[PDB]
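There are 2 protein chains.
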Amino acid sequence: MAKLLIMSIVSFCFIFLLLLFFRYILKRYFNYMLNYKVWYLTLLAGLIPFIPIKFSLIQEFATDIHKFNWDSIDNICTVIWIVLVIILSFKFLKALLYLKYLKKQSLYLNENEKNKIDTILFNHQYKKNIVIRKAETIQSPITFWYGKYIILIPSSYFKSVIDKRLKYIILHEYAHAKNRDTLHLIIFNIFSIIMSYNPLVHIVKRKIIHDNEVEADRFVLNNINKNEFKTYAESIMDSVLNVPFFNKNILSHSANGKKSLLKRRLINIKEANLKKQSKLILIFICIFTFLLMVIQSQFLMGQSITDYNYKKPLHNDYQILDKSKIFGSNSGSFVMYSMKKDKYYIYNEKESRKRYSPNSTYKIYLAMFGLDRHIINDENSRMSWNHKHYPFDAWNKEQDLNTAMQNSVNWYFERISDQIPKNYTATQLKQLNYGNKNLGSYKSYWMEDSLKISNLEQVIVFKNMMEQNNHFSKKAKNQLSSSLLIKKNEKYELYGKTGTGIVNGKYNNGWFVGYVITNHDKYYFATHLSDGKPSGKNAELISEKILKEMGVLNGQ
Amino acid sequence: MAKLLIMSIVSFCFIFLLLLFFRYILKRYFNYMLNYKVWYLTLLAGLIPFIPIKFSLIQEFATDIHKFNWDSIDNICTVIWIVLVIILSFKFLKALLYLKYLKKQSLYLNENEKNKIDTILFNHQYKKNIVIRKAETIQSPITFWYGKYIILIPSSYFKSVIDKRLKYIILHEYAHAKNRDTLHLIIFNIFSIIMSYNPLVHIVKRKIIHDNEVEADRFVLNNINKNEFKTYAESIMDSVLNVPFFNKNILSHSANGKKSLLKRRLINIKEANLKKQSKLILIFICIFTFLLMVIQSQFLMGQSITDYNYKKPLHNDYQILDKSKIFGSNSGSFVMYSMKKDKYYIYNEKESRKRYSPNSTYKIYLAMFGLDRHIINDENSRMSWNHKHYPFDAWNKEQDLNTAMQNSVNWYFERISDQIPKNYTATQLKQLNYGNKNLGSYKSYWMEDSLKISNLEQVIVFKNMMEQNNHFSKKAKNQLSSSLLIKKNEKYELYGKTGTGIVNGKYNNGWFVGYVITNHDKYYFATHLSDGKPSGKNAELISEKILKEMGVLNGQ
Ligand SMILES: [Zn+2]
Ligand SMILES: [Zn+2]
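Chains C and G are the protein sequences, given in the same order. Letter 103 of the first sequence, counting from 1, is numbered 111 in my numbering, and no numbers are missing. Letter 227 of the second sequence, counting from 1, is numbered 235 in my numbering, and no numbers are missing.
Next up, the structure:
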C-alpha cells in the first residue's frame, strides 16, 4: 500500500498545485477565483492509483537476490493509515454528535422572527429549502446540514434586531447554504478521513474553507449597498472580537473560523488575570529543560574528528616516498617501516593516513585473538562447516586456520567472532590502538563496516602486535604468522594478506598488508588502492613490486 | 550530513515538544507562559550533533557486501541545505535592506512629539536606549534593531494624538524593545537560515512571535488601567482592520503580524470590485484541470487485479488433489496435467493459482527464445566467460547450454538476455500467455523480480510452448528439452528444472517445474513450496515423489 498511498499523494499534489497556481493568477490579475468544487479533482486525483484498469495512452545451485525491505514499509503504512482513520473518524463523529445535539435542541422561530429572515432573503427570491432555528446554547451563528441546511442563530440576536447584524449574518450563512458549502465541507471532511494518508487533504479543506468564506463575502457584497461595504467589514470583525473563539465543531461554519493570532491575543486580554508568575517557575523549567538537553547531549552525536583520517602526527622519524609509477593505473597510498631504524617510509602520506575499513585483512586479528583467548588453537585451529553454501566454491568446505586464511573463508571467521567474547576483542582494540577501534554492532564490523584504520596505523598496530603486545601470547603471534607466508629467498620471508573492498559488485578498497622478516632487519607494511581497479590482488602485486624496489625485498 | 541533519531535527523536536508541553500546562492551569528565551534551547539542541566530542555517560577470493546507498542521500542532503540557505539568506538580506532603507529615511521627532513618548514611558522610568523616529513611508508602526531599538511610527499618528492610540502603540512596541524581541527575533531568524534543514525552525520562530506579542500584551495590561483593557483589545483590532495587511518585512514587528483569514477577507472587501467573472473562465480551467487529471490517469497506477493471483477459472476439466503428506514440512501447492485427457490434477488449487516470480526456472524460456530467434544455437549453444567470479564455484567457467542449465550459471543466462532483442521476448510473453507477462525493467526480470506466474499457469504455458506454439521452431523445443532430463525408466523420461527464491539469505520460493514423456501419455507439471525450507531441491524431491505416487512416474 505504501506505494499507492505515495502515488496518490503525488497525483493529488500535482493537481493541487496546478489549482493553487490558477488560484493565484485568477485573483492576482483578474479578481477571479476558483469555484471550489474544482477541488474535488484533487480528491479524485488521489483516488486514481486504486482503480484497477490497465490504462495507458538438477544440481541445486543458487544465489542471493538483494531486494529492498518493503515489508517494513507497507506493513506499517497500512497500519498508520488505519489507525489514523479510526482517530479521525472518532473526531468526526464527535463533531457530528455535537451537531445532532444542537439539532435536537433547535428552537423554532415565530412570525416576528421568521419575517426578518424573509425580509433579508425575499428580495432575491431565495429558495425555501433552508431551515432557520434559534438557540439558547450558542453565542454566534452555526450552520448544519442534515439535508436541511439549517442556520442556527443565538436567540439573543432576535432581540438585537435593530443593528442589521442579522442582515449580514443571514446573507453570509445563507450564501454558504446556497452553495451547499456545509455539505461539501462535510464531504471533503469525510474524504479527509478516507484519504488521511495525504496531509494535503487538510490543507485543501482549509483552503476551501478560507475561500468559501471569501465567496460568501463576494455574495454579500453582491447583495448589499456599496455604502454598507465598510459596515460589513466592521461587522465581520465584531463577530469575532466580541465573542469567545473556539473550534467547537469542525464541520459547521461560524464567525470564529480559525486558530488566528488575534484569537489567542484577544482571549488573553479577556482573561485579564494580571498575576506575576513566580520566577521559580521558569527557573525550574529552564534548568530542567536544559538538563533534558543535556540528556540529549548524553547521546549519539557525530564528530568531524571521527569522520576524519589520521589527523595525528607520526611520532616516529620518517621519509616521504614517490612510488606513483608503480601504483600506475591503481592510484593509492603505501607505508613501510624499518624495525631496526624505527623509521617509516611513506608514499602519499596524506593518502596513507586515510582510514578505510580493513576488509578481510582484519581476519588475522580476529583469528589471532581467538588463539590468545584459547578459543581457537593449533590442535583445534579448525572450524565445522554448517553445510550452507558460501560466495566462493573455495569456501564450501570445513577448514583449519591455514586453509581458512589462504582462501579467505568468511564462514570460518564468522564463527570465530561468534566464539570469542566480544570484550576480549574490544580490549585488544583498545590496548593496541586499532585505528578508530570502532567495533560497530556487526560481528564482522571490520568487513566493509564500522572499524577503519589507516595504512600508517595498520603498520603501527601489526608491528606493535608482535613487538610490544604484552597481553598476547607468543604462540598466537607465531601461529598466525606462519599462515601468511607469500614468498621467500636468501634475504627474506615475505608474509601478508589481501582483501577486496567489493561493494554492490564494485571495487573500493584494494587491501594488502604484511611484513617481511629478513636476514638483516624486520619490516612492516600496508598498501591500499582506491582508484583504478582497487582489488586485493592488485594491492598484493603493487606492494611486492614496491617493497622490492625499495630494497625491502631486495637486501637494502 | 544527512544523518547529522536528521539527528539535529530529532534533538530539536525533542526539546521543542517538551517546551510545547510546558507551554500548554503553564497557560492551561496557571496562566503562566514560557520565557521565550527558552527556545534558544531548541536551537542549541539542534546544534549538538555537530560538536566533535566523544561524550557519553595469497589466493584472491572475495564476496560482495551489500551496503545502503548513502551517497545518494548525503550528497543531496548537503546540496539541499546549501541551496536553501542561500535562498533564505537572500530573503533575509532583502528584509535587511528594507530596514536599512527605512533607517536612512527615518525622521527625528520634535519636542511636541518626543514629549508624548516620554509621557507614555516616563512613569515606569523606562530606559533611554531606544530610538523614536517617524516616517512618511509607512502606515503602521515598525520596529528595527541596529543596536538602537528603533520604533518607527507613521507621521500621521503625530497628528492623531488625541485618541490614545500612541499609548497603546508605544507601550506595545516598547515592550518588544524592552525585551529585545526584535533582536532575538533576528537572531532566531538568522538561525532559521543556519538550521534551515529543520522546518521546525520556522515553526518555532512563529510560535515565538505569537508569544512575543502575547507577552507584550501582558506588559501592556500591566501598564494600563483595568478599565482600558477593553479599549486596548479594540485598539488591537483597529490596528489591523483599518490598514492594508502585508508582510513587508519578516524581521520587524508590526500590527499585521500574520497571514490570517481575516487578512484575506478584509482586503477583498476593501478591493470591492463587484465584477462577475465569465463562466468560461472556470469552464476552461475546470476542463483543463480535468484533462490534466486525465493526464495523471494516463500514468502508472496500481491494480488489485495485478497484485492478485490467478483469479481466472480453469477452462479445462480438472480434479483436486490431497498431497499434504508429501509436502509435509514444506507446505505449498502442485499442478499436474494429462495431455491425452486434457485434464488437470491440482493440490491446494487456491495456492496453485498463486503467482510467484519463476526464479531460475525461467531460464528455460530465456534460452529457448535465444534458440528460436537464432541468437543461441546448438553449434553455438555456448557463451564466453567474462572472467568475473560468480556466486557458485560451478559458475566460474565458460559453458554450453547443457552445462549452463544443469549448473544454473547465471552469467550464461545474463548474456543471453543481453543478446536477445527484448521485443522477441516480449512477443513470446504475450503469444503464449506468460503469467502476468511482466518484463519489468530488469534484463533478468523473472529472477525474483517483476514477472510472476502461477503453478497452474506454468503448466499451461510450458505445455502450450511445445504443443501449440506456432511461432517457435521444433529444434528450439527439442534442444531445450534434452538439457532438462532428470531420470528415466521403462515407462518414462522425466525432465525438469529447479530454482530457489533465496532473498537476503532466506528461502521464499521452492521451485521445480517440468514434464514427463511416457510410453502411454505426456504430462506437464509445476511445484512450488512456500513454507518450511522452500528450496528448489526440496521442490524437486517433492514433485518426483508426488508424480510417482500419482501414477505419472509409475504407469497410471
Ligand atoms: Zn461563513
Ligand atoms: Zn507587537
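Cβ coordinates follow ideal geometry from the N, Cα and C atoms, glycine included.
Counting pairs of Cβ atoms below 8 angstroms between the stretch 372–380 of chain C and the stretch 368–377 of chain G, do you hit three or more? no
Looking at chain G, which residues of the stretch 285–297 of chain C have a Cβ within less than 7 angstroms of any of its Cβ atoms? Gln285, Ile289, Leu290, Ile293, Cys294 and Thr297
Check the Cβ-Cβ distances between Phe29/C and every residue of chain G, and say whether any is below 8 angstroms. no
Against chain G: residues of the stretch 60–75 of chain C by CB proximity under 8 angstroms: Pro60, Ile61, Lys62, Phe63, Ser64, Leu65, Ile66, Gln67, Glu68, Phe69, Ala70, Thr71, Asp72, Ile73, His74 and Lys75
Contacts of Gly507/C in chain G (Cβ-Cβ under 8 angstroms): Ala70
Please decide whether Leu274/C counts as near chain G, where near means a Cβ-Cβ distance under 8 angstroms. yes
Mind checking if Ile146/G is an interface residue toward chain C, Cβ cutoff 8 angstroms exclusive? no
Short check: CB of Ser114/G to CB of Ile150/G, under 8 angstroms? no
DSSP on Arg381/G, reduced to helix/strand/coil? coil
Does the beta-carbon of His192/C, which I'm using as the reference point, lie nearer than 7 angstroms to any heavy atom of ligand 1? no
Helix or strand or just coil, what does DSSP make of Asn367/G? helix
Can you grab the Cα-Cα spacing for the pair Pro162/C / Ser204/G, in whole Å? 47 angstroms
Near ligand 2: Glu242/C beta-carbon under 7 angstroms from a heavy atom: no
Note down, in chain order, every chain C residue with its Cβ under 7 angstroms from the Cβ of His218/G. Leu269 and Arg272
Run the proximity test for residue 607/G: is its beta-carbon closer than 7 angstroms to any non-hydrogen atom belonging to ligand 1? Past the boundaries of the shown model lies residue 607/G; chain G is included only from 9 to 564, so the question cannot be answered.
Once the 5 residues before and after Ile428/C are set aside, which same chain residues still bring their CB inside 7 angstroms of it? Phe377, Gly378, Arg381 and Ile383
Can you give, in chain order, each stretch of the beta strand (DSSP E) that sits fully within the stretch 92–164 of chain C and has at least 3 residues? 139–143, 150–152 and 158–162
With three or more beta-carbon pairs closer than 8 angstroms as the criterion, would you say the stretch 196–212 of chain G touches the stretch 238–246 of chain G? no
Is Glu121/C near ligand 2 - that is, is its Cβ less than 7 angstroms away from at least one heavy atom of it? no
Closest Cβ-Cβ distance between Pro162/C and chain G: below 8 angstroms? no
Check the DSSP bridge columns for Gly507/C and list the partner residues they point to. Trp519/C
Among the residues of its own chain, which have a CB less than 6 angstroms from the CB of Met413/G, if the five just before and after it don't count? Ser491
Boundaries of the beta strand (DSSP E) in which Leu300/G is found, first to last residue: From DSSP, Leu300/G is part of no beta strand (DSSP E) but of the alpha helix (DSSP H) over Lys287 to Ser305.
Based on Cα-Cα distance, which residue from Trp419/C, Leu28/C and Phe22/C lies nearest to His395/C? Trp419/C
Close Cβ partners of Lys438/G (< 8 angstroms) along its chain, the five nearest in sequence each way excluded: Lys445
Assuming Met347/G contacts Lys530/G (C-beta within less than 8 angstroms), just tell me the rounded distance between them. 4 angstroms
Through-space distance from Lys45/C to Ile303/G, alpha-carbon basis: 20 angstroms
Taking Cβ to Cβ, would you say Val343/C is nearer than 8 angstroms to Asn463/C? yes
Please report the residue range of the beta strand (DSSP E) in which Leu208/C lies. Taken as a continuous stretch (DSSP letters only), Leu208/C belongs to no beta strand (DSSP E), being part of the alpha helix (DSSP H) at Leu208 to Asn230.
Return yes when the C-beta of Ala224/G is under 7 angstroms from any heavy atom of ligand 2, and no when it is not. yes
DSSP state of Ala412/G mapped onto helix, strand, coil: helix
Using a Cβ-Cβ cut-off of 6 angstroms (strictly less than) and excluding sequence neighbours within five positions of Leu459/G, which residues of its own chain qualify? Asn446 and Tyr453
Does DSSP classify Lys319/C as helix, strand or coil? coil
Decide yes or no for the touch test of the stretch 513–523 of chain G against the stretch 534–542 of chain G: beta carbon pairs closer than 8 angstroms, at least 3 of them. yes
Which of the residues in the stretch 401–421 of chain G, read from start to end, lie with their CB under 9 angstroms from any CB of chain C? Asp401, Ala402, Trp403, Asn404, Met413, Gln414, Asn415, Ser416, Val417 and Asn418
Span of the beta strand (DSSP E) around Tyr352/C: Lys351 to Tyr355
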